[PDB]
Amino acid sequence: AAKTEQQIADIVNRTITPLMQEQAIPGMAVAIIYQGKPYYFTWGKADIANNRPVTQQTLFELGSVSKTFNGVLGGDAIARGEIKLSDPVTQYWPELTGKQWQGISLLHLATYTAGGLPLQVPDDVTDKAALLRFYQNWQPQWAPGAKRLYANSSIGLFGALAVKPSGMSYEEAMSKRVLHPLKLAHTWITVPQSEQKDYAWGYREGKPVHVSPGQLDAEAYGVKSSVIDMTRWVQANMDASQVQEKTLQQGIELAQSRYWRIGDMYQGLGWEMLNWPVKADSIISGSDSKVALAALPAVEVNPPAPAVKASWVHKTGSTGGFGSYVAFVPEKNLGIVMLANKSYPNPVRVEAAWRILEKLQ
């Protein structure tokens, strides 16, 4: 018996209501993809001050979910034959000298195994000249491919280098090559003046906050999107076959290939996958900052393993004011998008998603 909208409504409501309460989230937006059909739900308020409620059109900061956009754009470029994952970083930024860079490829940056690029670009690095200096002076902790350390400075750099051949900016390339084709008209890097009325305020210690500028912001954490756009984004990735642009369909597929095995978890391009069915505890406890930010040994999958439908694909993302979570199981044609205007613990996100989806499988 296929569940009915109202049964889906009770499961969702039953889970989120309590969550919003204990974590004290001002507003939320959730989309369920159940047998390929989207169901949207909205709770709370986007601007406590101006008393504006969350809508299906409300823009949320995706934080690190932005990395999924990066991975796919990189994929498309590969597909076009513009870049090769195996190519040296040096090829793309010749101004970037230093023998510590000699054996590092695109792959290593994309997949956080370059040898310890830090989580964030330093606080005293706020312009492009400082950026070059930073990387020029950077001192590797491990040999390339040795371990995985989750870092904005790694994937961030991958994004910037990957659009180089095209001669487009990242923002231009992203709009042209991915957003336009999938009709993500409510997905932005820079939110227009015209759309400010739909831009939710993020809440930090009860204070309204928006993500600030930074080196490699667009590439690692600066996408803004609505419940509806996140949902089309999930559908497209869930099944690349529906995508008309051959290169984009191919990039989606490459982004979901498996390059590294990091104990039961596989690293794609922005997306992280686990085999299905998976144990709840594995995903929940692997989402904790204690595990997710650690340096772990990485076993290489070369040639990469292809995207399989029997997988649990997901990405967590946060900003000072926002908490996002997205997951999908291609094989069951099920997924969830969870957008909040308050950053709350990773494991609570993952755990609530699982609760909802276990009930629908």
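Residue numbers here begin at 1 and follow the sequence given.
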Practice task
Would you mind comparing 211 to 219 and 147 to 155 for me and telling me which has the higher average C-alpha temperature factor in the entry?
Solution key: 211 to 219
Handout entry: Per the entry, higher mean C-alpha B factor between 124 to 132 and 282 to 290
Key = 282 to 290
Problem - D76, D264, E171, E272, ranked by C-alpha B-factor: the highest one - result: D264
Handout entry: Which of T247, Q256, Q91, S105 ranks first by CA B-factor in the deposited coordinates
Key = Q91
Exercise for the section: Give the position of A49 by CA B-factor within its chain, expressed as the lowest, middle or highest third. Expected result: highest
Completion exercise
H186: CA B-factor among chain residues, third -> middle
Exercise for the section: Check where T319 lands among this chain's C-alpha B-factors and tell me if it's the lowest, middle or highest third. Expected result: lowest
Practice task
Please place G81 in the lowest, middle or highest third of its chain by C-alpha B factor as given in the entry.
Solution key: middle
Exercise for the section: Using the B-factor values recorded in the entry, state whether the Cα atom of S66 falls in the lowest, middle or highest third among the modelled residues of its chain. Expected result: lowest
